[PDB]
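First up is the structure itself, then whatever we jot down about it.
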Amino acid sequence: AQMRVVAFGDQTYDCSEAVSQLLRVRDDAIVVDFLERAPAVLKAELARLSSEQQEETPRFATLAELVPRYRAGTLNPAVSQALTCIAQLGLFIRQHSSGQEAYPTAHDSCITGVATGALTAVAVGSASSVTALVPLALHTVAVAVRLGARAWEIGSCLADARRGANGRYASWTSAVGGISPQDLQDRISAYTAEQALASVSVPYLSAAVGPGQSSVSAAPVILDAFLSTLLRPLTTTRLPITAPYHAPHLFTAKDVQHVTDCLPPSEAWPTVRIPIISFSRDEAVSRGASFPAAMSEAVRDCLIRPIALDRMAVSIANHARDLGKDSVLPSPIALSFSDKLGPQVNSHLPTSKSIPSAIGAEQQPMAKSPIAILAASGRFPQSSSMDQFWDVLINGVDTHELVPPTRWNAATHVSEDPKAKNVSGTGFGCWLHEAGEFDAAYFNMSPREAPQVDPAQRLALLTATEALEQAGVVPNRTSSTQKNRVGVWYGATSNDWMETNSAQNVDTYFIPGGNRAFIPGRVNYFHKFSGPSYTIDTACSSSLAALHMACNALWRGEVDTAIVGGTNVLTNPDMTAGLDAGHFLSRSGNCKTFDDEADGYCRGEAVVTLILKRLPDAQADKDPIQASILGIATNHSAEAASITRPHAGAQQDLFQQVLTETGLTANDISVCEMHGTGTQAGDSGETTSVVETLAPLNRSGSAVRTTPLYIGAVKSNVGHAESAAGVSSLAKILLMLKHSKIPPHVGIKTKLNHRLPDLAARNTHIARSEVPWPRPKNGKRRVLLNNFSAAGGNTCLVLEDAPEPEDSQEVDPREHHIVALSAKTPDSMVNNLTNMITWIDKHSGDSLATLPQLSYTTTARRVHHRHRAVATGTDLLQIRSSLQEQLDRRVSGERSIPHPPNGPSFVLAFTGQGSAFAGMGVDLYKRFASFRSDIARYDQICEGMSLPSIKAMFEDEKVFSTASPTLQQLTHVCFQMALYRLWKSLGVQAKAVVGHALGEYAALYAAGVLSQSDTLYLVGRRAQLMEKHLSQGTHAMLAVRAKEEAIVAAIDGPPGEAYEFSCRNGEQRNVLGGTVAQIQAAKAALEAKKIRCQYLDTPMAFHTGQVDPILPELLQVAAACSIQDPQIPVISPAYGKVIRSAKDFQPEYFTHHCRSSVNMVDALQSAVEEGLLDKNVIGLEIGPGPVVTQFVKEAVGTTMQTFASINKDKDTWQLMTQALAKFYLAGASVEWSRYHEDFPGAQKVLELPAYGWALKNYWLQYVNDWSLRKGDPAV
Amino acid sequence: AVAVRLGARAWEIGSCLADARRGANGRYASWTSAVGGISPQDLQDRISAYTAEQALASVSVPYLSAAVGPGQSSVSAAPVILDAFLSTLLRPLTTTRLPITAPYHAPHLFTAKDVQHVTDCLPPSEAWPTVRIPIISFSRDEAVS
Amino acid sequence: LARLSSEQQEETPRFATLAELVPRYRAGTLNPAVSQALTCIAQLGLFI
């Protein structure tokens, strides 16, 4: 008997943190859809207004850029009103969709609101769902802006803007305390009488709060004058109410009517179903009123009637009593001093947990989500990898140097005083000396084609590929990695390759090799990604602009995975001569950021590709996550003097724009990666914007910051990468996060820039030497990043630490593991082997979980090419020893030939029930899933057919002792079909099948003749027939090592009278059956001639005259089957022949089979004579023991490879890993994701060496300095 | 999620109950057909007898999947088995082939084990809502639940 | 669908949204697991 009250606030509550934490919401689609939508209905009603509103109308790109001007007081009443309303609705829409909180209903809840909250309250009371709240909620946004707008009309009319305002808008309202509302009203009246003031300009009591508290509104000049007359002990405190409200003398009914004219007339408007507590009226409760009428009435509360906040508490309580509720929950939304409400309402009157959901549901949706950065690879100056870049930064390395001769000759292109045309004042740069290296074979390029391709394209392909492997991305492996859900976006400032290098001789691959669009395109073509492809040029912000587009794609659901990168490689001296002509470039050296003498930026080269994914998909696929991007934003510096220099106002508004969109405050960002281009103006301007955003000073003068800020610029090291500048900065932070250190700042060579503000006073710092920067316990480190452009587009993002990696305590019980290596060239294979050995030597003793996670990583998360190598062992040392030996053989001249496209050929051998044993197949049954399903299936199916239950045979070993013939027989057949399903699932497709006796029934399923369950009906019914008619022990079977001729000559009596041949297995291997007396006599006759003879455990004598009575009924049950043509040939011992047609599987087959001898020799010879079997075929025993493979082996040759699935002696996974190794090397497609699926401890992505590239230098030399003579004749 | 696991399990038991024919071309055949002009119990008797002459496996048997009306009903079975059984039903009887691509409503095929398997995607918890609006379950002992 | 068996996957196609399975659902080439889920999506979609 509890009643929750939803209470909304007024302008006094600061919604900057509110709105901030709203655009953090990624946990529901209706929140972001509504919040994004709010500007639309808003702007739809923003245009019908007066002219003065069009004068001082601030700029706002989204609901974010309003925040800094809100805190600064430079935001008007119309928009600040709408902003508060949006924030209130957003928090509600959050809490009731994101927050899994039920929607208000008239029985258990009521609504209340103060000023803006009243408008908000109408909307919540009028809907039956959040989804139904959305449109009404927007109509309320339009009402809110027209409310604040009209208030500013009349308020501007009463008094205009003050001279000392400087854009800040003064507050029309003030809170008074220490006096009763009535006594203060008397003081107002007295002041009115004593001073000469108009009837409209008079002060008035705007609100009644408490016994000693209230609020008074007048003019900033008038209100100041009145408040100056109120002396201590009374209190006076300011409030952000920027227009006159609650003034029945200033406003009338026409103003209310007008504010609500944005609501079209209709009869379908929903009514107010939840009672709203309107406490400032005669009627405390109002329900059932239509939405427009309710809105106009709420507008009248705001504009006309005074707030009576002393009547709010009891007003709620009265209604609580009306419905017979003992107490209330407060649920305040953006309500000033909300904490004290609950006690106040309960004074008049006489426990939560989250609801989990499906795996991936309790978290946020897959539409919008804090995008995780999975991996990043790149090539940077003096760095072939991200790790060498960390070495550049942490050691304070400065990489600038004169242009190398590979690009152009500085002696002719550089002079201290450029005079001649196309000559520059600088030749400095931070260069990629390896940019020509590339592997043409990996990417299917001819040595003719690979030179003509831009280094941006080629290194984009390399870095992209590497980033994919680092993230363990296999196309079409998971939902997020499906080929049509993957996008690419790359920033590029110029293609100098086609302007300078390939331009000397144009050919067919000139345009494929030179246009910027192929940079992302080529990546999509190689990996077969059918998602979007784009190149972005915002100049020096290009990469972050591309990142922004990519983040938007993941945010709108356009792609699951996004590939983001940037490329800068400069082969063209003109770009130097022109940028230098524009005074952009430093003629002394690198970017010196913050240095008191900074003359420009130094060009640099970089190539980066990253992998981005929605966090739901990221965590779902167990991908690595180095960090997570909360958000990002872009504006343009329109207010600039010049096209050249972006200015600080736009930049600051953009910093708070991302702090809103992301949802944090200054104190949360502990480090800022600035876009420092080594300019006195740029550096001072940007620093001022950064500290004013992230390190403010209160009005008293102290620092707002509780923790330290550390500011730096990557450009002071590797120079200015232009398009790739943003990704370089981002690259820096990904490593800084990894190693938990801030590298030194080398930009200050001589003296700090004197134009900067005092950094120490605001707790900004420039780390000169490395500083410990550890992760707060149960917290996350957060960073602000920048990259800007001369083209004025400014872009920045906020980056946050990755989630906490879950601690998997389940240890892999598997003893033996398998490691899979692959490559496209023998050299590349040698490289990968060497690099893997060195990696094992690094991590040899770290942990035991390393080997399962290595197998999972190297297998399920890797693409597998034609050259392949494998190692298998119980610990990392065995793996190393194997890879080392095989590496030694490759270095010694062993040729690596790729396997054929078809792969190895297979014949599957199914054994009879003779060699079956207790606890057969139990380990696979315990640990695996699909096999368990197969067995459980056979159990429910057999229980449905009135056959015994087989599940107990694999659950428990004891039951094998007392098992009946039918149970053992069904268990055997079920075992073979489930086993065959497993091997079929692992990628082994059979060329033909051969069974022996009972194994052929599984062969009929494997061939496609019979279904599984039907096979169990036939076999089971047959066993019941054998138990029904025959008797155990009367007959027996004998295994004999000798030829048929010798056996016949040895036994007195012909075959078919004194005995019968049950099986003809091999040349000298035969089996005899008959009555016990016949077997005894035959055994003596054979032993007399020293022929080795041994008995079978078979109680009956199969394939002899014994089974005559069961054949008629077995014929009917053989007609019970539905027969189909075999999909592959069936080697039939029954008829001694290879059958391809269903005509021979007619019901007579199963009778013939039961009675007739099993001729393996005749069937196998028939198979080899057809060419179906030869030495190159690989036999695989599906069954308890290798009795049949030895017969096949005898038939075709001694060198045939045969491998058995199950054997009593050894451990199952040794056989498994060892078996998979041969097929994977000989070629096959094995599903590795399922091999590790039931072992979560093994599922993690290790950082392993990148693919060993077979690299060659592909380059077209720029020669003869022809760029200096542009426009001149030949001469 | 329960639906995709349901259809996946039923298709898995199509695979266990039979394979695809040669004339499919990727098309998945109909494992159910509607019969008319006969009462449900009489058709059940014809199922018993036609089966009994061939003694078809109680897994491969054509089974009565639905009782529609006094003369209508639906029978399910294999494209070869079903078409063979349907071939014995002659005019005035009607046969309309339905677009159901896996076997359902088969107590001789499924048990509680598979049912539980289908719903294993629902994590355990004590907070799951109950059924507040009555569901009319007409194929059970209790019409209302 | 990734938790399925090999026969349940090799014949399962790629799709981003539910639009690509429409023509093939008309053509009767769609598996029971997806067509089952599709019918369920349709029913819920119309009710919502």
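Ordered as shown in the structure tokens, chains take letters A, B, and onward, while each chain numbers its residues from 1 and ligands are numbered from 1 in the order shown.
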
Legend entry - Neighbours of chain B in chain C at 10 Å, counting only C-alpha atoms, as a PyMOL selection string: chain C and resi 1+3-5+7-8+11+24-25+27-41

Output file for the selection above: N, CA and C atoms, as a JSON list (two decimals), in the first residue's frame:
[["chain", "number", "residue", "atom", "x", "y", "z"],
["C", 1, "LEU", "N", 21.55, -18.41, -33.86],
["C", 1, "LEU", "CA", 21.81, -19.34, -34.95],
["C", 1, "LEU", "C", 23.26, -19.82, -34.98],
["C", 3, "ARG", "N", 24.87, -21.02, -32.50],
["C", 3, "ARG", "CA", 24.99, -22.13, -31.56],
["C", 3, "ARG", "C", 24.52, -23.46, -32.16],
["C", 4, "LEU", "N", 24.23, -23.49, -33.46],
["C", 4, "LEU", "CA", 23.57, -24.60, -34.12],
["C", 4, "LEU", "C", 24.61, -25.61, -34.63],
["C", 5, "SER", "N", 24.16, -26.61, -35.40],
["C", 5, "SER", "CA", 25.01, -27.62, -36.01],
["C", 5, "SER", "C", 25.37, -27.22, -37.44],
["C", 7, "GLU", "N", 24.79, -28.58, -40.47],
["C", 7, "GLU", "CA", 23.72, -28.59, -41.46],
["C", 7, "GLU", "C", 22.76, -27.43, -41.24],
["C", 8, "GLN", "N", 22.70, -26.90, -40.02],
["C", 8, "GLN", "CA", 21.81, -25.82, -39.64],
["C", 8, "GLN", "C", 22.40, -24.45, -39.95],
["C", 11, "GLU", "N", 23.51, -24.00, -44.78],
["C", 11, "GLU", "CA", 22.35, -23.61, -45.56],
["C", 11, "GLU", "C", 21.72, -22.33, -45.04],
["C", 24, "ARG", "N", 12.83, -14.93, -50.54],
["C", 24, "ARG", "CA", 13.11, -16.35, -50.37],
["C", 24, "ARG", "C", 12.07, -17.02, -49.47],
["C", 25, "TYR", "N", 11.45, -16.27, -48.55],
["C", 25, "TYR", "CA", 10.34, -16.83, -47.79],
["C", 25, "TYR", "C", 9.15, -17.07, -48.69],
["C", 27, "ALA", "N", 9.59, -17.80, -51.80],
["C", 27, "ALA", "CA", 10.07, -18.90, -52.62],
["C", 27, "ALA", "C", 10.22, -20.22, -51.86],
["C", 28, "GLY", "N", 9.97, -20.24, -50.55],
["C", 28, "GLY", "CA", 9.96, -21.49, -49.82],
["C", 28, "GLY", "C", 11.31, -22.14, -49.62],
["C", 29, "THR", "N", 12.39, -21.37, -49.67],
["C", 29, "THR", "CA", 13.74, -21.88, -49.49],
["C", 29, "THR", "C", 14.27, -21.66, -48.07],
["C", 30, "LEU", "N", 13.43, -21.16, -47.16],
["C", 30, "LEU", "CA", 13.86, -20.72, -45.84],
["C", 30, "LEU", "C", 13.67, -21.81, -44.79],
["C", 31, "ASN", "N", 14.63, -21.91, -43.87],
["C", 31, "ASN", "CA", 14.64, -23.03, -42.94],
["C", 31, "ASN", "C", 13.52, -22.87, -41.91],
["C", 32, "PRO", "N", 13.18, -23.93, -41.17],
["C", 32, "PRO", "CA", 12.18, -23.77, -40.12],
["C", 32, "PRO", "C", 12.61, -22.88, -38.97],
["C", 33, "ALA", "N", 13.90, -22.81, -38.60],
["C", 33, "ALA", "CA", 14.24, -22.01, -37.43],
["C", 33, "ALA", "C", 14.01, -20.53, -37.68],
["C", 34, "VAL", "N", 14.41, -20.07, -38.86],
["C", 34, "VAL", "CA", 14.28, -18.66, -39.17],
["C", 34, "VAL", "C", 12.83, -18.34, -39.50],
["C", 35, "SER", "N", 12.19, -19.16, -40.34],
["C", 35, "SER", "CA", 10.79, -18.89, -40.70],
["C", 35, "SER", "C", 9.89, -18.92, -39.47],
["C", 36, "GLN", "N", 10.25, -19.73, -38.48],
["C", 36, "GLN", "CA", 9.54, -19.78, -37.21],
["C", 36, "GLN", "C", 9.73, -18.46, -36.47],
["C", 37, "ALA", "N", 10.99, -18.04, -36.35],
["C", 37, "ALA", "CA", 11.29, -16.78, -35.69],
["C", 37, "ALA", "C", 10.67, -15.61, -36.45],
["C", 38, "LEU", "N", 10.61, -15.70, -37.78],
["C", 38, "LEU", "CA", 10.06, -14.65, -38.62],
["C", 38, "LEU", "C", 8.57, -14.50, -38.37],
["C", 39, "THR", "N", 7.85, -15.63, -38.35],
["C", 39, "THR", "CA", 6.43, -15.60, -38.01],
["C", 39, "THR", "C", 6.22, -14.98, -36.63],
["C", 40, "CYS", "N", 7.08, -15.34, -35.67],
["C", 40, "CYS", "CA", 6.95, -14.76, -34.33],
["C", 40, "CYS", "C", 7.20, -13.25, -34.33],
["C", 41, "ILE", "N", 8.20, -12.80, -35.09],
["C", 41, "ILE", "CA", 8.51, -11.38, -35.21],
["C", 41, "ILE", "C", 7.32, -10.65, -35.82]]

Legend entry - At most 9 Å to chain C: residues in chain A, only C-alpha atoms, as a ChimeraX atom specification: /A:476-479,482-485,558-559,930,984-987,1231,1234,1237

The selected residues should be written to file as a PDB file, in the first residue's frame (atoms: C-alpha atoms).
ATOM      1  CA  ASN A 476      30.836 -14.538 -41.035  1.00  0.00           C
ATOM      2  CA  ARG A 477      31.959 -16.187 -37.762  1.00  0.00           C
ATOM      3  CA  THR A 478      29.511 -14.288 -35.520  1.00  0.00           C
ATOM      4  CA  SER A 479      26.586 -11.953 -36.102  1.00  0.00           C
ATOM      5  CA  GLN A 482      28.979 -10.914 -40.888  1.00  0.00           C
ATOM      6  CA  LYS A 483      30.325  -9.475 -44.121  1.00  0.00           C
ATOM      7  CA  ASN A 484      27.343  -7.213 -44.881  1.00  0.00           C
ATOM      8  CA  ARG A 485      27.401  -5.615 -41.402  1.00  0.00           C
ATOM      9  CA  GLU A 558      23.991   0.725 -40.112  1.00  0.00           C
ATOM     10  CA  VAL A 559      26.980  -1.578 -39.444  1.00  0.00           C
ATOM     11  CA  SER A 930      25.890 -31.662 -29.526  1.00  0.00           C
ATOM     12  CA  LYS A 984      30.541 -34.849 -40.040  1.00  0.00           C
ATOM     13  CA  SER A 985      30.194 -31.631 -38.038  1.00  0.00           C
ATOM     14  CA  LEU A 986      33.997 -31.276 -37.882  1.00  0.00           C
ATOM     15  CA  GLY A 987      34.270 -31.083 -41.696  1.00  0.00           C
ATOM     16  CA  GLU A1231      34.643 -25.391 -37.219  1.00  0.00           C
ATOM     17  CA  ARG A1234      32.602 -25.050 -31.595  1.00  0.00           C
ATOM     18  CA  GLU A1237      32.580 -23.466 -27.204  1.00  0.00           C
TER      19      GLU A1237
END

Inset, instruction - Up to 10 Å from chain B, what residues of chain A turn up? Count only C-alpha atoms and give them as a ChimeraX atom specification. - result: /A:353-359,933-934,936-946,1005,1008-1018,1021,1113,1115-1125,1127

Inset, instruction - Could you pull out the residues in chain B that DSSP calls alpha helix (DSSP H) from the backbone, as a PyMOL selection string? - result: chain B and resi 2-17+40-54+79-88+112-118

Inset, instruction - Write down as a list in words the residues of stretch 77-198 of chain A whose backbone DSSP state falls under strand (DSSP E). - result: residues 109, 110, 111, 112, 113, 173, 174, 175, 176 and 177 of chain A

Put those residues in a file: N, CA, C and O atoms, as a CSV table (one decimal), in the first residue's frame.
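This is the output file selection29.csv:
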chain,number,residue,atom,x,y,z
A,109,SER,N,0.0,5.8,-8.2
A,109,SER,CA,0.9,6.9,-8.4
A,109,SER,C,0.2,8.1,-8.8
A,109,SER,O,-0.9,8.1,-9.4
A,110,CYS,N,0.9,9.3,-8.5
A,110,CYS,CA,0.4,10.6,-9.0
A,110,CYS,C,1.6,11.4,-9.5
A,110,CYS,O,2.8,11.0,-9.3
A,111,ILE,N,1.3,12.5,-10.2
A,111,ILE,CA,2.3,13.3,-10.8
A,111,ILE,C,2.2,14.7,-10.2
A,111,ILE,O,1.1,15.2,-9.8
A,112,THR,N,3.3,15.5,-10.1
A,112,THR,CA,3.3,16.8,-9.7
A,112,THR,C,4.5,17.5,-10.4
A,112,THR,O,5.4,16.9,-10.9
A,113,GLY,N,4.4,18.9,-10.5
A,113,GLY,CA,5.4,19.6,-11.1
A,113,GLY,C,5.3,21.1,-10.7
A,113,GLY,O,4.3,21.6,-10.4
A,173,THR,N,14.0,36.6,-10.6
A,173,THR,CA,13.5,36.0,-9.3
A,173,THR,C,14.7,35.9,-8.3
A,173,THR,O,15.8,35.6,-8.6
A,174,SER,N,14.3,36.0,-7.0
A,174,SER,CA,15.2,35.8,-5.9
A,174,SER,C,14.5,35.1,-4.7
A,174,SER,O,13.3,35.4,-4.5
A,175,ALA,N,15.2,34.2,-4.0
A,175,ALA,CA,14.6,33.5,-2.9
A,175,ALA,C,14.9,34.3,-1.6
A,175,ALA,O,16.1,34.7,-1.3
A,176,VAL,N,13.9,34.5,-0.8
A,176,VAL,CA,13.9,35.3,0.5
A,176,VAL,C,13.7,34.3,1.6
A,176,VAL,O,12.9,33.3,1.4
A,177,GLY,N,14.3,34.5,2.7
A,177,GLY,CA,14.1,33.7,3.9
A,177,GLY,C,14.2,34.4,5.2
A,177,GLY,O,14.8,35.5,5.2

Inset, instruction - Give me the residues within 12 Å of residue C:48 as a list in words, counting only C-alpha atoms and dropping any in the same chain fewer than 4 places off. - result: residues 129, 131 and 132 of chain A; 41, 42, 43 and 44 of chain C

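Coordinates place atom CA of residue A:317 at a distance of 7.1 Å from atom CA of residue A:346.
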
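Note that atom CA of residue A:998 and atom CA of residue A:954 are 19.2 Å apart.
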
When you look at residue A:105 with a cut-off of 9 Å (counting only C-alpha atoms), what residues show up, excluding the ones that are within fewer than 2 positions of it in the same chain? I need them as a PDB file with N, CA and C atoms, in the first residue's frame.
ATOM      1  N   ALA A 102       8.208   0.320 -14.339  1.00  0.00           N
ATOM      2  CA  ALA A 102       6.847   0.377 -14.862  1.00  0.00           C
ATOM      3  C   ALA A 102       6.338   1.812 -14.965  1.00  0.00           C
ATOM      4  N   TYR A 103       5.387   2.016 -15.896  1.00  0.00           N
ATOM      5  CA  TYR A 103       4.794   3.313 -16.208  1.00  0.00           C
ATOM      6  C   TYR A 103       3.734   3.685 -15.152  1.00  0.00           C
ATOM      7  N   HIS A 107      -3.768   4.082 -10.026  1.00  0.00           N
ATOM      8  CA  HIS A 107      -3.971   3.413  -8.748  1.00  0.00           C
ATOM      9  C   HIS A 107      -2.808   3.665  -7.793  1.00  0.00           C
ATOM     10  N   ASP A 108      -1.572   3.415  -8.239  1.00  0.00           N
ATOM     11  CA  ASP A 108      -0.402   3.443  -7.364  1.00  0.00           C
ATOM     12  C   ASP A 108       0.430   4.724  -7.436  1.00  0.00           C
ATOM     13  N   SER A 109       0.021   5.753  -8.183  1.00  0.00           N
ATOM     14  CA  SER A 109       0.934   6.876  -8.375  1.00  0.00           C
ATOM     15  C   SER A 109       0.213   8.145  -8.814  1.00  0.00           C
ATOM     16  N   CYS A 110       0.861   9.281  -8.531  1.00  0.00           N
ATOM     17  CA  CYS A 110       0.420  10.595  -8.985  1.00  0.00           C
ATOM     18  C   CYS A 110       1.633  11.373  -9.468  1.00  0.00           C
ATOM     19  N   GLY A 125       1.159  12.377 -17.581  1.00  0.00           N
ATOM     20  CA  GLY A 125      -0.160  11.947 -17.155  1.00  0.00           C
ATOM     21  C   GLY A 125      -1.075  11.542 -18.293  1.00  0.00           C
ATOM     22  N   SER A 128      -0.308   6.306 -22.079  1.00  0.00           N
ATOM     23  CA  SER A 128      -0.328   4.965 -21.492  1.00  0.00           C
ATOM     24  C   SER A 128       0.973   4.182 -21.668  1.00  0.00           C
ATOM     25  N   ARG A 273      -5.026  10.509 -17.470  1.00  0.00           N
ATOM     26  CA  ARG A 273      -5.497   9.337 -16.741  1.00  0.00           C
ATOM     27  C   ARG A 273      -4.892   9.249 -15.345  1.00  0.00           C
ATOM     28  N   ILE A 274      -3.597   9.511 -15.227  1.00  0.00           N
ATOM     29  CA  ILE A 274      -2.945   9.582 -13.918  1.00  0.00           C
ATOM     30  C   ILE A 274      -3.314  10.920 -13.282  1.00  0.00           C
ATOM     31  N   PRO A 275      -3.817  10.963 -12.040  1.00  0.00           N
ATOM     32  CA  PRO A 275      -4.061  12.269 -11.415  1.00  0.00           C
ATOM     33  C   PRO A 275      -2.780  13.075 -11.267  1.00  0.00           C
TER      34      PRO A 275
END

Inset, instruction - Using only C-alpha atoms, determine which residues lie at most 7 Å from stretch 871-878 of chain A, disregarding the query and same-chain residues fewer than 6 positions distant; provide the list as a PyMOL selection string. - result: chain A and resi 815-820+840+844+851+1217

Expected file contents, prior selection, N, CA and C atoms, as a short mmCIF file (atom, residue, chain, number, x, y, z; two decimals), in the first residue's frame:
data_model
loop_
_atom_site.label_atom_id
_atom_site.label_comp_id
_atom_site.auth_asym_id
_atom_site.auth_seq_id
_atom_site.Cartn_x
_atom_site.Cartn_y
_atom_site.Cartn_z
N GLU A 815 43.55 -32.08 -21.47
CA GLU A 815 44.98 -32.19 -21.21
C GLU A 815 45.81 -31.73 -22.40
N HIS A 816 45.42 -32.11 -23.62
CA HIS A 816 46.18 -31.84 -24.84
C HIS A 816 45.49 -30.72 -25.60
N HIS A 817 46.28 -29.81 -26.17
CA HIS A 817 45.73 -28.70 -26.94
C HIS A 817 46.40 -28.66 -28.30
N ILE A 818 45.82 -27.88 -29.22
CA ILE A 818 46.27 -27.79 -30.61
C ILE A 818 46.46 -26.33 -30.97
N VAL A 819 47.59 -26.01 -31.62
CA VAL A 819 47.90 -24.65 -32.05
C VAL A 819 48.02 -24.69 -33.57
N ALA A 820 47.34 -23.75 -34.24
CA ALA A 820 47.22 -23.72 -35.69
C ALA A 820 47.90 -22.47 -36.24
N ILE A 840 56.44 -17.61 -27.48
CA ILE A 840 56.32 -18.61 -26.42
C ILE A 840 57.47 -18.43 -25.43
N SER A 844 56.49 -18.09 -21.65
CA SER A 844 56.64 -19.50 -21.28
C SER A 844 56.14 -19.84 -19.87
N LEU A 851 47.91 -21.66 -22.56
CA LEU A 851 47.87 -22.59 -23.68
C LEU A 851 46.46 -22.80 -24.22
N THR A 1217 42.96 -34.04 -31.05
CA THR A 1217 43.90 -33.04 -31.56
C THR A 1217 44.78 -33.63 -32.65
#

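Distance check against residue B:138 using only C-alpha atoms: of B:41, B:96, B:118, B:67, the minimum falls on B:67.
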
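Restricting the calculation to only C-alpha atoms, the smallest distance between residue A:260 and any of A:147, A:1101, A:361, A:1268 is found for A:147.
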
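Nearest to residue A:498 of all the residues A:792, A:948, A:513, A:826 is A:513, based on only C-alpha atoms.
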
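Using only C-alpha atoms, the nearest neighbour of residue A:771 within the list A:736, A:40, A:459, A:918 is A:736.
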